[PDB]
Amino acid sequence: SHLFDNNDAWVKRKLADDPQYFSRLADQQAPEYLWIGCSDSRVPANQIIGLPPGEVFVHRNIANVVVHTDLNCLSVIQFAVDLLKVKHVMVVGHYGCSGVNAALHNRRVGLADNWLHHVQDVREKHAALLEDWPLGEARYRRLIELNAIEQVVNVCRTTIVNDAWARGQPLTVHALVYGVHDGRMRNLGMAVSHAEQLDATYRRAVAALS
């Protein structure tokens, strides 16, 4: 069957839900959240945050990177924002992220190296900041955290968002991170709602300042 195993672990699943409710999911209304995360899908957005599936609309690229010009992601955002009128977008880094570890420790990898230059660009812009944590684990954490913020800086700079605020659509964009280790999910005091941007982030970034 090639994946006999999986279709098996599946009819197994479908059984486990006697609560005749797949009907309930298929009747679930719009999502009110966009979650951008790492392909290292350690834990599913909803599950973490304790929501029903699909209550969260979801993108996943290596290292939850938002490129100014990556139409893969922007398409996901124009859709979620303009058409599902979600209330909150949120970039979510995760501690122990392979993308960030591979880039931090300038490890050659092949093609994705090119995408991770986007994360190495954050290492650059906060080089100074990252020194006064002379370690590994300390930096690593601080890097994946600052990743999640400069990603939000990227969202909020997208035309889509500016245009959505411009036309008076209520919306807010969070820099957020969660530990596969403890489950526990860190607010970064990064959550933008109009373009009072410079202010709301300096804050978030200063809450490293060794």
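Position 1 is the first residue in the sequence shown; the rest follow in order.
> Going by the average Cα B-factor in the PDB entry, point out whether 128-136 or 71-79 comes out higher.
It is 128-136 that shows the higher mean C-alpha B-factor.
> With respect to the recorded C-alpha B factors, which stretch has the higher mean value, 154-162 or 178-186?
So the stretch with the higher mean C-alpha B-factor is 178-186.
> Which third, lowest, middle or highest, does the CA B-factor of residue 85 fall in along this chain?
According to the entry, residue 85 has a C-alpha B-factor in the chain's highest third.
> Can you tell me whether residue 60 has a C-alpha B-factor in the lowest, middle or highest third compared with the other modelled residues of the same chain?
Residue 60: CA B-factor falls in the lowest third of its chain.
> Quick check for you: using the entry's CA B-factors within this chain, is residue 66 in the lowest, middle or highest third?
For residue 66, whose C-alpha B-factor we compare with every modelled residue in the chain, the answer is the lowest third.
> When the deposited Cα B-factors of this chain's modelled residues are ordered and cut into thirds, is residue 105 in the lowest, the middle or the highest one?
Highest third.
> By the recorded C-alpha temperature factor, relative to the other modelled residues in its chain, which third is residue 169 in?
Answer is highest: the recorded C-alpha B-factor places it there.
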